Structure formats: C-alpha cells, structure tokens
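Pasted below: work39.pdb, PDB, C-alpha atoms and all ligand atoms.
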```pdb
ATOM      1  CA  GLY M   1     152.726 117.312 101.478  1.00  0.00           C
ATOM      2  CA  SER M   2     151.095 114.556  99.439  1.00  0.00           C
ATOM      3  CA  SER M   3     147.726 112.821  99.760  1.00  0.00           C
ATOM      4  CA  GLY M   4     146.133 109.629  98.476  1.00  0.00           C
ATOM      5  CA  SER M   5     143.480 111.496  96.504  1.00  0.00           C
ATOM      6  CA  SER M   6     143.020 108.454  94.266  1.00  0.00           C
ATOM      7  CA  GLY M   7     139.786 106.501  93.942  1.00  0.00           C
ATOM      8  CA  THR M   8     137.164 105.045  91.615  1.00  0.00           C
ATOM      9  CA  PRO M   9     133.664 106.454  90.977  1.00  0.00           C
ATOM     10  CA  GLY M  10     130.643 104.495  92.165  1.00  0.00           C
ATOM     11  CA  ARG M  11     127.963 104.105  89.506  1.00  0.00           C
ATOM     12  CA  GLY M  12     124.521 102.550  89.854  1.00  0.00           C
ATOM     13  CA  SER M  13     122.045 104.946  91.447  1.00  0.00           C
ATOM     14  CA  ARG M  14     119.750 102.082  92.444  1.00  0.00           C
ATOM     15  CA  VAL M  15     118.868 100.223  95.644  1.00  0.00           C
ATOM     16  CA  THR M  16     120.130  96.660  96.056  1.00  0.00           C
ATOM     17  CA  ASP M  17     118.888  95.872  99.563  1.00  0.00           C
ATOM     18  CA  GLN M  18     115.567  94.845  98.019  1.00  0.00           C
ATOM     19  CA  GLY M  19     116.513  91.709  96.109  1.00  0.00           C
ATOM     20  CA  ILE M  20     115.033  88.471  97.424  1.00  0.00           C
ATOM     21  CA  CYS M  21     114.829  86.733 100.800  1.00  0.00           C
ATOM     22  CA  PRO M  22     117.149  83.688 100.857  1.00  0.00           C
ATOM     23  CA  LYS M  23     114.647  82.128 103.262  1.00  0.00           C
ATOM     24  CA  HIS M  24     111.219  82.507 101.656  1.00  0.00           C
ATOM     25  CA  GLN M  25     112.447  83.897  98.335  1.00  0.00           C
ATOM     26  CA  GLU M  26     109.985  86.797  98.339  1.00  0.00           C
ATOM     27  CA  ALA M  27     110.511  90.253  96.842  1.00  0.00           C
ATOM     28  CA  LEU M  28     112.135  92.253  99.640  1.00  0.00           C
ATOM     29  CA  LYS M  29     109.787  95.190 100.219  1.00  0.00           C
ATOM     30  CA  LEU M  30     110.373  95.705 103.942  1.00  0.00           C
ATOM     31  CA  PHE M  31     113.216  96.531 106.331  1.00  0.00           C
ATOM     32  CA  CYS M  32     113.365  95.452 109.976  1.00  0.00           C
ATOM     33  CA  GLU M  33     113.971  98.584 112.047  1.00  0.00           C
ATOM     34  CA  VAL M  34     115.002  96.288 114.899  1.00  0.00           C
ATOM     35  CA  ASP M  35     117.583  94.075 113.195  1.00  0.00           C
ATOM     36  CA  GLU M  36     118.554  96.525 110.452  1.00  0.00           C
ATOM     37  CA  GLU M  37     118.201  93.921 107.701  1.00  0.00           C
ATOM     38  CA  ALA M  38     116.051  93.787 104.566  1.00  0.00           C
ATOM     39  CA  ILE M  39     113.175  91.306 104.748  1.00  0.00           C
ATOM     40  CA  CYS M  40     110.175  90.091 102.751  1.00  0.00           C
ATOM     41  CA  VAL M  41     106.421  90.029 103.361  1.00  0.00           C
ATOM     42  CA  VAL M  42     106.730  86.505 104.755  1.00  0.00           C
ATOM     43  CA  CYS M  43     109.510  87.496 107.155  1.00  0.00           C
ATOM     44  CA  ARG M  44     107.453  90.382 108.537  1.00  0.00           C
ATOM     45  CA  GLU M  45     104.469  88.106 109.157  1.00  0.00           C
ATOM     46  CA  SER M  46     106.844  85.584 110.726  1.00  0.00           C
ATOM     47  CA  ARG M  47     107.044  85.945 114.507  1.00  0.00           C
ATOM     48  CA  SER M  48     110.743  86.437 113.765  1.00  0.00           C
ATOM     49  CA  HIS M  49     110.222  90.009 112.568  1.00  0.00           C
ATOM     50  CA  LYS M  50     106.532  90.250 113.463  1.00  0.00           C
ATOM     51  CA  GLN M  51     107.016  91.987 116.812  1.00  0.00           C
ATOM     52  CA  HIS M  52     109.765  94.107 115.256  1.00  0.00           C
ATOM     53  CA  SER M  53     108.763  97.462 113.770  1.00  0.00           C
ATOM     54  CA  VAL M  54     109.188  96.723 110.063  1.00  0.00           C
ATOM     55  CA  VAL M  55     108.925  99.464 107.441  1.00  0.00           C
ATOM     56  CA  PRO M  56     108.259  99.430 103.673  1.00  0.00           C
ATOM     57  CA  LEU M  57     111.637  99.617 101.934  1.00  0.00           C
TER      58      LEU M  57
HETATM   59 ZN    ZN I 101     111.745  85.987 104.314  1.00  0.00          ZN
HETATM   60 ZN    ZN I 102     113.627  91.560 113.007  1.00  0.00          ZN
END
```

Rendering of file as structure tokens:
Amino acid sequence: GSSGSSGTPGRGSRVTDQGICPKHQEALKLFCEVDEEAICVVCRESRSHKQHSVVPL
C-alpha cells in the first residue's frame, strides 16, 4: 500500500489579503463579511459595501 505523501512546504507566515484595492487603490484594512472579499476604507464607505457588515482585517 503506497501513498502520495509528497508535497512542498508553504513559507510566508504573513497575510496577503490586505494589499491594495484595484478600484480606489487604498490600503486594504477591512473585509466585507457579506461578500467575503478584502476591501479598503473607500469601499466600506461606498454604498457598495456600506450596508454590508465590514470588519477590520
Ligand atoms: Zn476600494
Ligand atoms: Zn460587500
């Protein structure tokens, strides 16, 4: 009985879902708990994710 116990280690230990919004280009410091996508201060204020319960990444 064999098994594909082969894989590569994942280094980093740092968040990446807080880069920059490709819309307003603002430091992503919030995450829409309604769309499940990282957003920026502008996005949150934007009616787009304004009504959505956004949280501080
Ligand atoms: Zn934005
Ligand atoms: Zn949203």

> Which protein, DNA or RNA residues have an atom within 7 Å of ligand ZN 102 (chain I), counting all atoms listed in the file, as number ranges by chain?
Replying inline: M: 32, 34-35, 48-49, 52

Translate the PyMOL selection byres (((not hetatm)) within 8 of (chain I and resi 101)), as applied to the file shown, into an explicit residue set as a compact mmCIF listing (two decimals) with C-alpha atoms, keeping the file's coordinate frame.
```
# COMPACT_ATOMS: atom_id res chain seq x y z
CA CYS M 21 114.83 86.73 100.80
CA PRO M 22 117.15 83.69 100.86
CA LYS M 23 114.65 82.13 103.26
CA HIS M 24 111.22 82.51 101.66
CA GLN M 25 112.45 83.90 98.34
CA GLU M 26 109.98 86.80 98.34
CA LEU M 28 112.14 92.25 99.64
CA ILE M 39 113.18 91.31 104.75
CA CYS M 40 110.18 90.09 102.75
CA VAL M 41 106.42 90.03 103.36
CA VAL M 42 106.73 86.50 104.76
CA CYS M 43 109.51 87.50 107.16
CA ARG M 44 107.45 90.38 108.54
```

Would you place a box with edges along x, y and z of the file around all atoms of stretch 35-40 of chain M listed there, add 4 Å to each of its six sides, and report the centre and edge lengths in Å to one decimal, as AutoDock Vina command-line options?
```
--center_x 114.4 --center_y 93.3 --center_z 108.0 --size_x 16.4 --size_y 14.4 --size_z 18.4
```

> Can you tell me how far atom CA of residue M:53 sits from atom CA of residue M:33, in Å to one decimal?
Replying inline: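 Atom CA of residue M:33 lies at a distance of 5.6 Å from atom CA of residue M:53.
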
> Between atom CA of residue M:18 and atom CA of residue M:55, what is the distance, to one decimal in Å?
Replying inline: 12.4 Å

>> Report, in Å to a single decimal, how far apart atom CA of residue M:57 and atom CA of residue M:29 are.
In response: 5.1 Å

With N, CA, C and O atoms as the goal, would you fill in the gaps in stretch 12-37 of chain M and present it as an mmCIF file, in the frame of the given file?
```
data_model
loop_
_atom_site.group_PDB
_atom_site.id
_atom_site.type_symbol
_atom_site.label_atom_id
_atom_site.label_comp_id
_atom_site.auth_asym_id
_atom_site.auth_seq_id
_atom_site.Cartn_x
_atom_site.Cartn_y
_atom_site.Cartn_z
ATOM 1 N N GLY M 12 125.652 103.367 89.453
ATOM 2 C CA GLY M 12 124.521 102.550 89.854
ATOM 3 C C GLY M 12 123.257 103.363 90.050
ATOM 4 O O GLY M 12 122.341 103.306 89.231
ATOM 5 N N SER M 13 123.207 104.121 91.141
ATOM 6 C CA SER M 13 122.045 104.946 91.447
ATOM 7 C C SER M 13 120.784 104.092 91.543
ATOM 8 O O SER M 13 119.747 104.429 90.971
ATOM 9 N N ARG M 14 120.881 102.984 92.272
ATOM 10 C CA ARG M 14 119.750 102.082 92.444
ATOM 11 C C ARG M 14 119.925 101.222 93.693
ATOM 12 O O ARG M 14 121.024 100.747 93.983
ATOM 13 N N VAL M 15 118.836 101.026 94.427
ATOM 14 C CA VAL M 15 118.868 100.223 95.644
ATOM 15 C C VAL M 15 119.128 98.755 95.328
ATOM 16 O O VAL M 15 118.718 98.251 94.281
ATOM 17 N N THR M 16 119.814 98.071 96.239
ATOM 18 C CA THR M 16 120.130 96.660 96.056
ATOM 19 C C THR M 16 119.723 95.843 97.278
ATOM 20 O O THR M 16 119.783 94.613 97.262
ATOM 21 N N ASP M 17 119.308 96.534 98.333
ATOM 22 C CA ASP M 17 118.888 95.872 99.563
ATOM 23 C C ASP M 17 117.433 95.424 99.471
ATOM 24 O O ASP M 17 116.768 95.227 100.488
ATOM 25 N N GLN M 18 116.944 95.268 98.244
ATOM 26 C CA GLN M 18 115.567 94.845 98.019
ATOM 27 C C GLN M 18 115.503 93.723 96.989
ATOM 28 O O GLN M 18 114.592 93.675 96.163
ATOM 29 N N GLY M 19 116.477 92.819 97.044
ATOM 30 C CA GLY M 19 116.513 91.709 96.109
ATOM 31 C C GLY M 19 115.482 90.646 96.431
ATOM 32 O O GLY M 19 114.301 90.801 96.115
ATOM 33 N N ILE M 20 115.926 89.565 97.060
ATOM 34 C CA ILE M 20 115.033 88.471 97.424
ATOM 35 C C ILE M 20 115.490 87.794 98.712
ATOM 36 O O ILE M 20 116.687 87.635 98.953
ATOM 37 N N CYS M 21 114.527 87.395 99.537
ATOM 38 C CA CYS M 21 114.829 86.733 100.800
ATOM 39 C C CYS M 21 115.311 85.304 100.565
ATOM 40 O O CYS M 21 114.605 84.469 100.000
ATOM 41 N N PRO M 22 116.544 85.015 101.008
ATOM 42 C CA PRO M 22 117.149 83.688 100.857
ATOM 43 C C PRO M 22 116.479 82.642 101.743
ATOM 44 O O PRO M 22 116.944 81.507 101.841
ATOM 45 N N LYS M 23 115.383 83.033 102.386
ATOM 46 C CA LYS M 23 114.647 82.128 103.262
ATOM 47 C C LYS M 23 113.309 81.740 102.643
ATOM 48 O O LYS M 23 112.994 80.557 102.509
ATOM 49 N N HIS M 24 112.523 82.744 102.264
ATOM 50 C CA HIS M 24 111.219 82.507 101.656
ATOM 51 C C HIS M 24 111.245 82.838 100.167
ATOM 52 O O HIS M 24 110.327 82.486 99.427
ATOM 53 N N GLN M 25 112.303 83.518 99.735
ATOM 54 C CA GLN M 25 112.447 83.897 98.335
ATOM 55 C C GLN M 25 111.297 84.795 97.893
ATOM 56 O O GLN M 25 110.639 84.528 96.887
ATOM 57 N N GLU M 26 111.058 85.860 98.652
ATOM 58 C CA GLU M 26 109.985 86.797 98.339
ATOM 59 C C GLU M 26 110.531 88.211 98.165
ATOM 60 O O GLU M 26 111.350 88.673 98.958
ATOM 61 N N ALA M 27 110.071 88.892 97.120
ATOM 62 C CA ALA M 27 110.511 90.253 96.842
ATOM 63 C C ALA M 27 110.646 91.060 98.128
ATOM 64 O O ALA M 27 109.662 91.302 98.828
ATOM 65 N N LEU M 28 111.871 91.473 98.436
ATOM 66 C CA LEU M 28 112.135 92.253 99.640
ATOM 67 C C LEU M 28 111.543 93.654 99.523
ATOM 68 O O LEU M 28 112.067 94.503 98.800
ATOM 69 N N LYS M 29 110.449 93.891 100.239
ATOM 70 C CA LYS M 29 109.787 95.190 100.219
ATOM 71 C C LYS M 29 109.601 95.728 101.634
ATOM 72 O O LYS M 29 108.712 96.542 101.888
ATOM 73 N N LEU M 30 110.444 95.269 102.553
ATOM 74 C CA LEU M 30 110.373 95.705 103.942
ATOM 75 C C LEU M 30 111.748 95.649 104.602
ATOM 76 O O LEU M 30 112.608 94.865 104.202
ATOM 77 N N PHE M 31 111.946 96.485 105.615
ATOM 78 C CA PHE M 31 113.216 96.531 106.331
ATOM 79 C C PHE M 31 112.989 96.556 107.840
ATOM 80 O O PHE M 31 112.354 97.470 108.369
ATOM 81 N N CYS M 32 113.511 95.547 108.528
ATOM 82 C CA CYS M 32 113.365 95.452 109.976
ATOM 83 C C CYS M 32 114.118 96.581 110.674
ATOM 84 O O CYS M 32 115.345 96.653 110.612
ATOM 85 N N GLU M 33 113.373 97.459 111.339
ATOM 86 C CA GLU M 33 113.971 98.584 112.047
ATOM 87 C C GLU M 33 114.516 98.146 113.403
ATOM 88 O O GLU M 33 114.932 98.973 114.215
ATOM 89 N N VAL M 34 114.509 96.838 113.643
ATOM 90 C CA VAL M 34 115.002 96.288 114.899
ATOM 91 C C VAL M 34 116.289 95.498 114.686
ATOM 92 O O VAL M 34 117.161 95.465 115.555
ATOM 93 N N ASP M 35 116.401 94.864 113.524
ATOM 94 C CA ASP M 35 117.583 94.075 113.195
ATOM 95 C C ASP M 35 118.438 94.786 112.151
ATOM 96 O O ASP M 35 119.607 94.452 111.960
ATOM 97 N N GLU M 36 117.846 95.768 111.478
ATOM 98 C CA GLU M 36 118.554 96.525 110.452
ATOM 99 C C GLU M 36 118.929 95.628 109.276
ATOM 100 O O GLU M 36 120.061 95.661 108.794
ATOM 101 N N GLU M 37 117.971 94.828 108.820
ATOM 102 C CA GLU M 37 118.201 93.921 107.701
ATOM 103 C C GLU M 37 116.956 93.810 106.825
ATOM 104 O O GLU M 37 115.842 93.665 107.327
#
```
